[PDB]
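Student: Just dropping this structure here.
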Amino acid sequence: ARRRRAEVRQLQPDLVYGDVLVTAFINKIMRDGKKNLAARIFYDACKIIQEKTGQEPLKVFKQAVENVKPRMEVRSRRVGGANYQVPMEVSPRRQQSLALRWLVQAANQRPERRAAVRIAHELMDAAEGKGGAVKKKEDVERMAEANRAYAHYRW
Amino acid sequence: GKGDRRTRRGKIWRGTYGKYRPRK
Amino acid sequence: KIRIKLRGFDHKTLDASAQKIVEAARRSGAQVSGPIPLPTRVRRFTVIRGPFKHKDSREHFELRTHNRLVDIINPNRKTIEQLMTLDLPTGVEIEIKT
Amino acid sequence: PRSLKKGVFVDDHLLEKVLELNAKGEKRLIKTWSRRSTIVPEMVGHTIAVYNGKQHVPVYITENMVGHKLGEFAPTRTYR
Amino acid sequence: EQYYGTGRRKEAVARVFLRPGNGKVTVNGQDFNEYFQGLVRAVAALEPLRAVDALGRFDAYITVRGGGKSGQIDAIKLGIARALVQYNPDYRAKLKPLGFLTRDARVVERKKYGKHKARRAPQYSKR
Amino acid sequence: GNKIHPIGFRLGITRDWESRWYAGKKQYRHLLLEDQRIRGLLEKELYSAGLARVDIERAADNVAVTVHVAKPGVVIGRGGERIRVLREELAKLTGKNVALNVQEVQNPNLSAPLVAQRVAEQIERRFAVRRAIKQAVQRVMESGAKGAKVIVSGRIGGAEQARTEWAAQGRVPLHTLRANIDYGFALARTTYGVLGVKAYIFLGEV
Amino acid sequence: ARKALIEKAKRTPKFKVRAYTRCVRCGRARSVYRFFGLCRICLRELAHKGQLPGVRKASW
Amino acid sequence: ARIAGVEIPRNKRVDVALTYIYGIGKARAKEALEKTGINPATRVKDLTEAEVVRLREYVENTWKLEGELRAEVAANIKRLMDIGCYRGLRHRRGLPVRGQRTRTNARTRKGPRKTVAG
RNA sequence: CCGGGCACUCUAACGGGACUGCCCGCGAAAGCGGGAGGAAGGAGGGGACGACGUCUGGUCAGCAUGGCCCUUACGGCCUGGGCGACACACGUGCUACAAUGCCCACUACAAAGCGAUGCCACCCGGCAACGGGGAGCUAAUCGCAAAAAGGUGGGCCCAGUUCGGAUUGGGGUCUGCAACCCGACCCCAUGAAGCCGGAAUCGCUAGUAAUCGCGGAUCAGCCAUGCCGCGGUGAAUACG
Ligand SMILES: [Zn+2]
């Protein structure tokens with residue numbers, strides 16, 4: 001991005017819920033190219049909440065995920081002494097993706113054999129403020145602020 | 001797994017025929 | 001009724017090299033089978049430029065034997081004469097069958 | 001592991017001057033380089049002068065030492 | 001009574017015949033849900049006939065063959081999105097914003113020397 | 001080197017191959033064997049007339065030496081004299097027997113290769129290294145040429161100092177894969193180390 | 001490569017298991033293409049004009 | 001359940017539960033459920049009394065195993081020793097035998113990396 | 001499939017289409033914001049092409065080529081041996097550590113190439129590599145080939161495990177004068193390390209990375225996981 005600020009890729013509206021950001025999630029499980037399996041993988045961890053519960057995973061991903069979405073983070077920074085950590089108001093598109101870059105990561109970490117489970121079972125704990133991901137997100141929302149000791153370099 | 005000479009992808013990798021790798 | 005194959009080296013040489021072997025017989029044997037295309041097959045060699053090391057630059061080399069067809073439909077000796085040994089082309093060769 | 005099939009091969013440099021030798025209690029240490037000839041039974045008594053690419057080496061053959069090829073016992077290069 | 005709508009994509013021919021009233025697909029046999037095995041991404045070819053409401057009102061005969069199925073659902077897609085205007089060159093309103101009318105540029109690249117994957121360059125150690 | 005060879009770069013674009021025969025396969029490997037067995041001499045002994053292009057005709061058994069030669073006369077020979085003393089060497093190989101036919105070359109000062117060996121003979125001459133080159137670039141230049149370039153290399157005057165001396169004029173656009181050009185290369189075995197020279201010639205263009 | 005080895009341009013080895021191709025001109029052994037019976041080098045500089053009819057600088 | 005020479009496929013599908021003998025691999029594994037005809041699936045925890053006996057009886061008699069097999073091999077090697085055949089020569093120094101380079105690699109038949117200096 | 005018919009695919013061969021021209025805002029202008037319509041853009045995407053010169057970069061084992069030097073030999077000829085060692089260390093990769101996985105059974109879409117004692121449909125002996133006999137092709141119209149991933153059903157249940165296949169014993173097919181030194185391949189057995197890798201560190205901005213599978217050349221068969229290409233499925237992200 002040294003010449004042009006670049007431009008964001010946009011996608012199709014899930015052949016299901018009718019949303020695309022989820023296309024991403026469904027693709028954040030996508031691994032190796034086989035979104036085929038991953039297609040369902042997500043989908044099922046839904047009808048396994050319509051099999052394991054009776055509330056369509058709409059506010060789950062929603063109200064939950066957006067929580068796993070870091071309201072603020074820390075970064076490096078060099079001057080005359082070193083690369084001092086800096087607290088700064090996170091981005092949207094960043095905060096955003098990190099929702100999933102964290103779901104699918106600490107979500108496949110949870111030991112529940114089949115992809116599906118870990119999936120459903122994660123959105124779960126997520127849509128409750130508990131379990132895997134939310135730590136990191138917080139872990140850092142917490143990291144930042146905890147490092148509020150740095151602001152001389154504001155940004 | 002790819003060297004399991006005696007498996008599908010085994011003879012399907014090395015690219016050969018044997019007991020496990022049939023004709024049809 | 002008169003199969004005429006002719007692979008080649010040039011696209012409209014060959015193409016034309018027989019395109020003279022067409023419409024005459026479209027008023028002699030009855031008609032023709034038209035200037036028949038036919039998918040062309042190729043060869044390649046891409047090799048290491050200059051000996052020793054380097055490699056990575058081989059440079060590519062094609063070569064096409066463009067198989068072409070035009071087949072005159074139905075003889076008639078009028079056909080056999082209407083584009084008989086009534087030849088002309090050089091860059092191409094021909095296979096005669098029926 | 002190993003394989004010959006229908007028509008095992010014994011070099012007729014030794015196998016040849018082997019059949020003849022035998023006729024008196026076998027010869028007395030053949031000299032044919034041939035270290036690529038299947039070891040054969042009747043020999044069992046001889047001694048082989050097989051090459052080493054520089055050297056010729058002793059090999060009093062046996063029937064047990066048969067399913068072999070003269071120099072599988074003829075160690076080429078040199079180690080420690 | 002009859003209309004048309006061809007379709008190519010990523011290398012996959014696929015004319016989308018259509019004699020309205022409904023729209024039962026018949027790709028090389030296997031009715032719609034048999035050729036492309038209910039893979040989430042196959043309910044996308046007819047996607048165009050879904051923002052026009054024709055869907056259950058425009059019968060069609062879909063056949064196709066040319067490389068790989070992931071694309072075919074897109075190849076065919078063209079005509080099933082092409083039909084609604086072929087005969088109805090009016091339907092270009094609830095057509096455009098969806099670009100189901102636009103061709104699919106995306107294609108495949110090709111391996112040049114000093115490479116592994118048409119771009120995937122090897123590696124070196126210390127430098 | 002960081003260049004190619006426009007001749008190669010320029011084939012189906014403006015320099016149609018020297019050889020013509022088709023088919024190939026069980027064939028090709030020989031047709032281009034003998035083909036390259038006639039060059040051993042042919043356009044070598046007869047270079048003293050036009051060692052330019054050595055075009056070949058064919059159709060199997062239908063050999064030919066459409067060979068182009070500037071000096072249309074150290075050949076043909078009074079109605080057909082050399083055009084035989086050599087058919088008798090044309091068929092000293094060709095079991096197909098060719099229809100040999102010397103070709104009338106125009107201003108040699110437009111025939112790159114010609115110049116190459118030219119300035120080359122004119123380089124074995126020790127005679128005006130560069131000056132000749134300055135001449136060359138011009139001859140060729142004024143003799144119609146729209147561009148002209150010559151490039152001797154490796155040792156000069158026996159310079160124990162290997163070097164490459166430039167020289168061209170008008171305009172010599174290569175990259176313009178189209179405008180058509182022309183090239184040529186020769187040599188010069190020396191009492192100090194064989195070297196060689198190029199020879200380029202842009203022209204009408206298109 | 002040199003002329004101390006043209007005992008194959010003939011093809012008469014001694015067995016069906018001996019035929020070091022030898023490139024027409026290059027004459028070396030290491031790359032003797034078949035379709036042209038010469039060398040990978042030969043392929044380049046020659047085809048580089050009209051010494052490989054039917055050829056061309058391959059691109060696509 | 002002890003089938004072959006001191007062996008015990010327990011709670012694990014008889015099929016492979018047999019490849020638990022220095023003489024059985026998934027090849028002979030089925031050639032058992034054959035001349036034996038036993039329902040291959042169903043764990044051993046369901047294996048009848050005369051069934052265990054048959055393969056027991058068909059396997060112990062049909063192939064040379066464990067003790068016998070093990071030490072039989074000890075011989076071949078023990079063989080290639082006395083006999084100058086290279087094969088022996090290699091088991092002699094504890095290094096590859098059928099056809100490998102030995103500049104590098106072969107860490108398994110040569111043992112754990114023994115570094116030096118140069 | 002036998003007619004029957006080019007409207008459709010593709011076939012190789014021509015030419016048409018895009019230029020910031022139209023749309024409207026900034027500006028002196030280039031042109032930049034966005035839109036119109038367009039199959040498409042603001043150089044559609046990918047190549048082929050690498051300036052005057054640079055390090056005396058690389059090769060005289062391609063050949064050539066100035067000269068130095070041995071010449072019953074610092075040519076050669078043949079069999080044999082070596083280039084393939086090995087206490088080790090580096091480079092690039094293959095395979096895998098697995099359950100988004102491995103395995104079996106039934107079914108489907110690749111494009112580009114390739115084949116005359118040369119690829120080889122089939123019937124049939126063998127568990128098998130392969131053998132014996134044989135249909136069409138001179139190759140859009142026969143075949144090498146079957147694509148695999150994947151879809152469907154089902155076997156495994158978190159195990160150094162039906163993961164993974166090193167290594168090793170034994171029998172055996174094959175080219176071939178000959179596979180001990182060193183040939184691939186197939187069958188049985190054996191089944192090793194490896195539960196994702198210290199510091200450090202390599203690739204890619206899209207149909208690319210990733211994953212899957214196909215052919216090619218040299219080539220008797222072959223140490224190819226290499227190389228040169230095709231294509232199937234198809235991301236992430238770039239504040240600055
Ligand atoms: Zn050569």
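Labeling convention for the structure tokens: chains A, B, ... as they appear, residues from 1 per chain, ligands from 1 in order of appearance.
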Name the residues, by chain letter and number, that sit within 10 Å of ligand 1 using only C-alpha atoms (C1' of nucleotides) and all ligand atoms, and give them as a VMD selection string.
Tutor: (chain G and resid 1 22 to 29 31 to 33 37 to 46) or (chain I and resid 62 to 63)
Student: Now that the selection is made, can you save its residues with C-alpha atoms (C1' of nucleotides) as a PDB file, in the first residue's frame?
Tutor:
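Output saved as part_35.pdb:
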```
ATOM      1  CA  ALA G   1      30.881 -32.966 -28.629  1.00  0.00           C
ATOM      2  CA  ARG G  22      25.283 -37.281 -29.306  1.00  0.00           C
ATOM      3  CA  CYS G  23      23.942 -33.970 -30.601  1.00  0.00           C
ATOM      4  CA  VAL G  24      24.348 -33.420 -34.376  1.00  0.00           C
ATOM      5  CA  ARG G  25      26.577 -30.359 -33.934  1.00  0.00           C
ATOM      6  CA  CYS G  26      26.950 -29.853 -30.162  1.00  0.00           C
ATOM      7  CA  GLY G  27      27.842 -33.506 -30.365  1.00  0.00           C
ATOM      8  CA  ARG G  28      27.954 -33.642 -26.601  1.00  0.00           C
ATOM      9  CA  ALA G  29      25.927 -36.352 -24.912  1.00  0.00           C
ATOM     10  CA  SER G  31      21.004 -33.216 -23.860  1.00  0.00           C
ATOM     11  CA  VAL G  32      20.703 -34.582 -27.390  1.00  0.00           C
ATOM     12  CA  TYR G  33      17.053 -33.847 -28.160  1.00  0.00           C
ATOM     13  CA  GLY G  37      18.640 -34.992 -33.058  1.00  0.00           C
ATOM     14  CA  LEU G  38      20.729 -32.021 -31.870  1.00  0.00           C
ATOM     15  CA  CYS G  39      21.178 -30.094 -28.597  1.00  0.00           C
ATOM     16  CA  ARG G  40      19.017 -27.863 -26.376  1.00  0.00           C
ATOM     17  CA  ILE G  41      21.403 -25.121 -27.382  1.00  0.00           C
ATOM     18  CA  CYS G  42      21.031 -26.022 -31.055  1.00  0.00           C
ATOM     19  CA  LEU G  43      17.315 -25.727 -30.505  1.00  0.00           C
ATOM     20  CA  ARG G  44      17.616 -22.114 -29.397  1.00  0.00           C
ATOM     21  CA  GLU G  45      20.138 -20.241 -31.595  1.00  0.00           C
ATOM     22  CA  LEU G  46      19.048 -22.181 -34.673  1.00  0.00           C
TER      23      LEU G  46
ATOM     24  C1'   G I  62      29.388 -27.734 -25.808  1.00  0.00           C
ATOM     25  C1'   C I  63      31.962 -26.026 -29.859  1.00  0.00           C
TER      26        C I  63
END
```
Student: For residue 9 of chain C, work out the shell of residues within 7 Å, counting only C-alpha atoms (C1' of nucleotides) and skipping chain neighbours fewer than 2 positions away, then give it as a count of residues only.
Tutor: 6
Student: Near residue 5 of chain B, counting only C-alpha atoms (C1' of nucleotides), which residues have an atom at most 9 Å away, once you skip same-chain residues fewer than 6 positions from it, shown as number ranges by chain?
Tutor: B: 11-14; I: 165
Student: Skip residue 51 of chain G itself and residues of its chain fewer than 2 positions away, then list as a list in words all residues within 8 Å of it, counting only C-alpha atoms (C1' of nucleotides).
Tutor: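 Neighbouring residues, sequence-local ones excluded: residues 17, 18, 19 and 32 of chain F; 46, 47, 48, 49 and 53 of chain G.
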Student: Write out as a VMD selection string each polymer residue whose atoms come within 10 Å of residue 43 of chain D, counting only C-alpha atoms (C1' of nucleotides); drop sequence neighbours fewer than 4 positions from it.
Tutor: chain D and resid 14 to 15 18 to 19 21 to 22 25 to 27 39 47 to 48 60 to 63 66
Student: Taking N, CA, C and O atoms for each residue, export the selection above as a JSON list (two decimals), in the first residue's frame.
Tutor:
```json
[["chain", "number", "residue", "atom", "x", "y", "z"],
["D", 14, "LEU", "N", 33.17, -68.22, -16.64],
["D", 14, "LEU", "CA", 33.47, -69.11, -15.51],
["D", 14, "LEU", "C", 32.57, -70.34, -15.58],
["D", 14, "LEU", "O", 33.05, -71.46, -15.46],
["D", 15, "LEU", "N", 31.27, -70.13, -15.78],
["D", 15, "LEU", "CA", 30.31, -71.23, -15.89],
["D", 15, "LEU", "C", 30.83, -72.14, -16.99],
["D", 15, "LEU", "O", 30.83, -73.36, -16.85],
["D", 18, "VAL", "N", 33.99, -73.90, -16.30],
["D", 18, "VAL", "CA", 33.56, -74.38, -14.99],
["D", 18, "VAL", "C", 33.16, -75.85, -15.20],
["D", 18, "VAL", "O", 33.63, -76.75, -14.50],
["D", 19, "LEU", "N", 32.32, -76.07, -16.21],
["D", 19, "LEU", "CA", 31.82, -77.39, -16.59],
["D", 19, "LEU", "C", 32.97, -78.33, -16.91],
["D", 19, "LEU", "O", 32.94, -79.52, -16.59],
["D", 21, "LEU", "N", 36.36, -77.77, -16.01],
["D", 21, "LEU", "CA", 37.17, -77.90, -14.80],
["D", 21, "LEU", "C", 36.70, -79.09, -13.97],
["D", 21, "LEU", "O", 37.48, -79.99, -13.65],
["D", 22, "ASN", "N", 35.42, -79.06, -13.61],
["D", 22, "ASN", "CA", 34.81, -80.09, -12.78],
["D", 22, "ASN", "C", 35.29, -81.51, -13.05],
["D", 22, "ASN", "O", 35.67, -82.22, -12.13],
["D", 25, "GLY", "N", 37.76, -83.09, -10.54],
["D", 25, "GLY", "CA", 37.69, -82.70, -9.15],
["D", 25, "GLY", "C", 37.66, -81.18, -9.18],
["D", 25, "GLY", "O", 38.09, -80.49, -8.24],
["D", 26, "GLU", "N", 37.13, -80.66, -10.29],
["D", 26, "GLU", "CA", 37.03, -79.22, -10.56],
["D", 26, "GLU", "C", 38.44, -78.67, -10.83],
["D", 26, "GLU", "O", 39.43, -79.37, -10.61],
["D", 27, "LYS", "N", 38.52, -77.43, -11.31],
["D", 27, "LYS", "CA", 39.81, -76.80, -11.62],
["D", 27, "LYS", "C", 40.62, -76.47, -10.36],
["D", 27, "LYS", "O", 40.66, -77.24, -9.40],
["D", 39, "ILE", "N", 26.10, -67.50, -8.65],
["D", 39, "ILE", "CA", 26.90, -68.58, -8.10],
["D", 39, "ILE", "C", 26.11, -69.87, -8.31],
["D", 39, "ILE", "O", 24.91, -69.92, -8.04],
["D", 47, "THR", "N", 37.48, -71.66, -6.41],
["D", 47, "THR", "CA", 37.96, -70.46, -5.73],
["D", 47, "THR", "C", 37.89, -69.40, -6.84],
["D", 47, "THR", "O", 38.34, -69.66, -7.96],
["D", 48, "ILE", "N", 37.31, -68.23, -6.58],
["D", 48, "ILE", "CA", 37.17, -67.24, -7.65],
["D", 48, "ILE", "C", 38.06, -65.99, -7.66],
["D", 48, "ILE", "O", 38.22, -65.29, -6.65],
["D", 60, "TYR", "N", 36.38, -68.82, -1.91],
["D", 60, "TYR", "CA", 36.05, -70.26, -1.87],
["D", 60, "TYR", "C", 34.52, -70.42, -1.66],
["D", 60, "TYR", "O", 34.03, -70.47, -0.52],
["D", 61, "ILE", "N", 33.79, -70.53, -2.77],
["D", 61, "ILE", "CA", 32.33, -70.63, -2.75],
["D", 61, "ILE", "C", 31.68, -71.88, -2.14],
["D", 61, "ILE", "O", 32.29, -72.95, -2.10],
["D", 62, "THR", "N", 30.43, -71.71, -1.68],
["D", 62, "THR", "CA", 29.61, -72.78, -1.07],
["D", 62, "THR", "C", 28.16, -72.80, -1.61],
["D", 62, "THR", "O", 27.67, -71.82, -2.18],
["D", 63, "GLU", "N", 27.46, -73.92, -1.42],
["D", 63, "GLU", "CA", 26.09, -74.01, -1.90],
["D", 63, "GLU", "C", 25.21, -73.02, -1.15],
["D", 63, "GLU", "O", 24.25, -72.48, -1.71],
["D", 66, "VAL", "N", 25.48, -69.58, -2.41],
["D", 66, "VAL", "CA", 25.07, -69.69, -3.81],
["D", 66, "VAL", "C", 24.12, -68.59, -4.24],
["D", 66, "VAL", "O", 24.43, -67.87, -5.19]]
```
Student: Closest to chain E among C:97, C:68, C:60, C:7, using only C-alpha atoms?
Tutor: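 Distance minimum relative to chain E lands on C:60.
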Student: Run DSSP on the backbone of this structure and report the residues of chain F it assigns to alpha helix (DSSP H), as a short mmCIF file (atom, residue, chain, number, x, y, z; two decimals) with N, CA and C atoms, in the first residue's frame.
Tutor:
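result.cif was written with the following content:
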```cif
data_model
loop_
_atom_site.label_atom_id
_atom_site.label_comp_id
_atom_site.auth_asym_id
_atom_site.auth_seq_id
_atom_site.Cartn_x
_atom_site.Cartn_y
_atom_site.Cartn_z
N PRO F 6 16.56 -10.76 -32.69
CA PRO F 6 15.38 -10.36 -33.45
C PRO F 6 15.05 -11.28 -34.58
N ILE F 7 16.05 -11.94 -35.16
CA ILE F 7 15.72 -12.85 -36.24
C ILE F 7 14.74 -13.83 -35.62
N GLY F 8 15.14 -14.41 -34.49
CA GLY F 8 14.26 -15.33 -33.80
C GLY F 8 13.03 -14.56 -33.36
N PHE F 9 13.25 -13.37 -32.83
CA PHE F 9 12.15 -12.56 -32.37
C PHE F 9 11.26 -12.25 -33.56
N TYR F 28 11.30 -35.02 -40.28
CA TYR F 28 12.01 -33.85 -39.74
C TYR F 28 13.48 -34.02 -39.33
N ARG F 29 13.74 -34.96 -38.43
CA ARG F 29 15.09 -35.20 -37.93
C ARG F 29 16.17 -35.46 -38.97
N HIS F 30 15.78 -35.65 -40.22
CA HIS F 30 16.73 -35.91 -41.31
C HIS F 30 16.69 -34.77 -42.32
N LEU F 31 15.47 -34.34 -42.61
CA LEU F 31 15.22 -33.26 -43.55
C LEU F 31 16.00 -32.04 -43.08
N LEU F 32 16.16 -31.91 -41.77
CA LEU F 32 16.90 -30.80 -41.20
C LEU F 32 18.29 -31.29 -40.81
N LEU F 33 18.63 -32.48 -41.31
CA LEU F 33 19.93 -33.08 -41.03
C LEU F 33 20.74 -32.81 -42.27
N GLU F 34 20.18 -33.26 -43.39
CA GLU F 34 20.79 -33.09 -44.70
C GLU F 34 20.79 -31.59 -44.96
N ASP F 35 19.65 -30.98 -44.67
CA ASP F 35 19.47 -29.55 -44.86
C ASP F 35 20.69 -28.85 -44.32
N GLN F 36 21.08 -29.21 -43.11
CA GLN F 36 22.24 -28.61 -42.46
C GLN F 36 23.55 -29.28 -42.88
N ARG F 37 23.47 -30.15 -43.89
CA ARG F 37 24.65 -30.83 -44.40
C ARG F 37 25.06 -30.24 -45.75
N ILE F 38 24.19 -29.39 -46.30
CA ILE F 38 24.45 -28.72 -47.56
C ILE F 38 25.13 -27.38 -47.27
N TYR F 47 30.03 -18.10 -51.05
CA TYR F 47 29.87 -16.91 -50.22
C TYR F 47 30.44 -15.73 -51.00
N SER F 48 31.46 -16.02 -51.81
CA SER F 48 32.14 -15.03 -52.62
C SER F 48 31.21 -14.53 -53.72
N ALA F 49 29.93 -14.48 -53.40
CA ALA F 49 28.90 -14.01 -54.31
C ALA F 49 27.66 -13.57 -53.55
N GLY F 50 27.32 -14.31 -52.50
CA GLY F 50 26.15 -13.96 -51.71
C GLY F 50 25.83 -14.95 -50.59
N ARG F 82 28.01 -23.28 -63.47
CA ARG F 82 28.22 -23.60 -62.04
C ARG F 82 26.94 -24.22 -61.47
N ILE F 83 25.79 -23.76 -61.99
CA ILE F 83 24.47 -24.24 -61.58
C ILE F 83 24.37 -25.71 -61.96
N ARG F 84 25.54 -26.35 -62.08
CA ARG F 84 25.67 -27.76 -62.42
C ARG F 84 26.90 -28.35 -61.73
N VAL F 85 28.05 -27.68 -61.87
CA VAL F 85 29.30 -28.16 -61.26
C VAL F 85 29.00 -28.41 -59.79
N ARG F 87 25.41 -29.04 -58.91
CA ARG F 87 24.26 -29.90 -58.78
C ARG F 87 24.97 -31.22 -58.52
N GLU F 88 26.19 -31.28 -59.07
CA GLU F 88 27.08 -32.43 -58.95
C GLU F 88 27.73 -32.45 -57.57
N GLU F 89 27.11 -31.72 -56.65
CA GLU F 89 27.54 -31.61 -55.25
C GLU F 89 26.26 -31.28 -54.50
N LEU F 90 25.22 -31.02 -55.30
CA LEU F 90 23.89 -30.70 -54.83
C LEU F 90 23.27 -32.06 -54.63
N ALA F 112 22.47 -7.06 -44.19
CA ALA F 112 23.19 -7.16 -42.93
C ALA F 112 24.30 -8.20 -42.92
N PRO F 113 23.95 -9.49 -42.84
CA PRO F 113 25.02 -10.49 -42.82
C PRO F 113 26.11 -10.07 -43.77
N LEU F 114 25.73 -9.74 -45.00
CA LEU F 114 26.71 -9.33 -45.99
C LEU F 114 27.73 -8.38 -45.37
N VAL F 115 27.21 -7.35 -44.70
CA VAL F 115 28.05 -6.36 -44.06
C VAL F 115 28.90 -7.05 -43.01
N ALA F 116 28.26 -7.81 -42.14
CA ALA F 116 28.98 -8.51 -41.09
C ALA F 116 30.27 -9.08 -41.65
N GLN F 117 30.17 -10.01 -42.59
CA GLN F 117 31.37 -10.60 -43.17
C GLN F 117 32.09 -9.49 -43.90
N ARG F 118 31.32 -8.57 -44.46
CA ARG F 118 31.90 -7.45 -45.19
C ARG F 118 32.97 -6.83 -44.32
N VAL F 119 32.51 -5.99 -43.40
CA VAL F 119 33.36 -5.30 -42.44
C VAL F 119 34.28 -6.29 -41.76
N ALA F 120 33.95 -7.57 -41.90
CA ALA F 120 34.73 -8.65 -41.33
C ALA F 120 35.92 -8.89 -42.23
N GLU F 121 35.66 -9.06 -43.52
CA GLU F 121 36.76 -9.24 -44.47
C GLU F 121 37.48 -7.92 -44.24
N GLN F 122 36.65 -6.88 -44.28
CA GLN F 122 37.06 -5.51 -44.08
C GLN F 122 37.50 -5.36 -42.63
N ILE F 123 37.66 -6.49 -41.95
CA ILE F 123 38.11 -6.54 -40.55
C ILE F 123 39.33 -7.45 -40.46
N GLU F 124 39.52 -8.24 -41.51
CA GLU F 124 40.66 -9.13 -41.58
C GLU F 124 41.67 -8.22 -42.24
N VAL F 129 39.44 0.07 -38.78
CA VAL F 129 38.59 -0.68 -37.87
C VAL F 129 37.23 -0.02 -37.87
N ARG F 130 37.19 1.06 -37.12
CA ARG F 130 36.01 1.87 -36.93
C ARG F 130 35.63 2.65 -38.17
N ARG F 131 36.61 3.32 -38.78
CA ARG F 131 36.35 4.09 -39.99
C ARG F 131 35.49 3.28 -40.97
N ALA F 132 35.87 2.02 -41.19
CA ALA F 132 35.12 1.14 -42.08
C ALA F 132 33.72 1.10 -41.51
N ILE F 133 33.67 0.88 -40.21
CA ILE F 133 32.41 0.82 -39.51
C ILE F 133 31.66 2.11 -39.78
N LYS F 134 32.35 3.23 -39.65
CA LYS F 134 31.74 4.54 -39.90
C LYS F 134 31.24 4.56 -41.34
N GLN F 135 31.97 3.85 -42.21
CA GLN F 135 31.67 3.76 -43.64
C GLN F 135 30.47 2.86 -43.80
N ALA F 136 30.63 1.66 -43.24
CA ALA F 136 29.62 0.64 -43.26
C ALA F 136 28.31 1.32 -42.92
N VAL F 137 28.15 1.65 -41.64
CA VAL F 137 26.95 2.29 -41.14
C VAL F 137 26.40 3.27 -42.15
N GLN F 138 27.29 3.90 -42.90
CA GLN F 138 26.85 4.86 -43.90
C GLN F 138 26.42 4.20 -45.20
N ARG F 139 27.31 3.41 -45.80
CA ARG F 139 26.99 2.73 -47.06
C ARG F 139 25.57 2.26 -46.87
N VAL F 140 25.46 1.20 -46.09
CA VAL F 140 24.19 0.61 -45.77
C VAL F 140 23.19 1.74 -45.54
N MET F 141 23.57 2.71 -44.72
CA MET F 141 22.69 3.84 -44.41
C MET F 141 22.12 4.55 -45.65
N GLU F 142 22.99 5.12 -46.47
CA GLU F 142 22.55 5.81 -47.68
C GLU F 142 22.00 4.89 -48.78
#
```
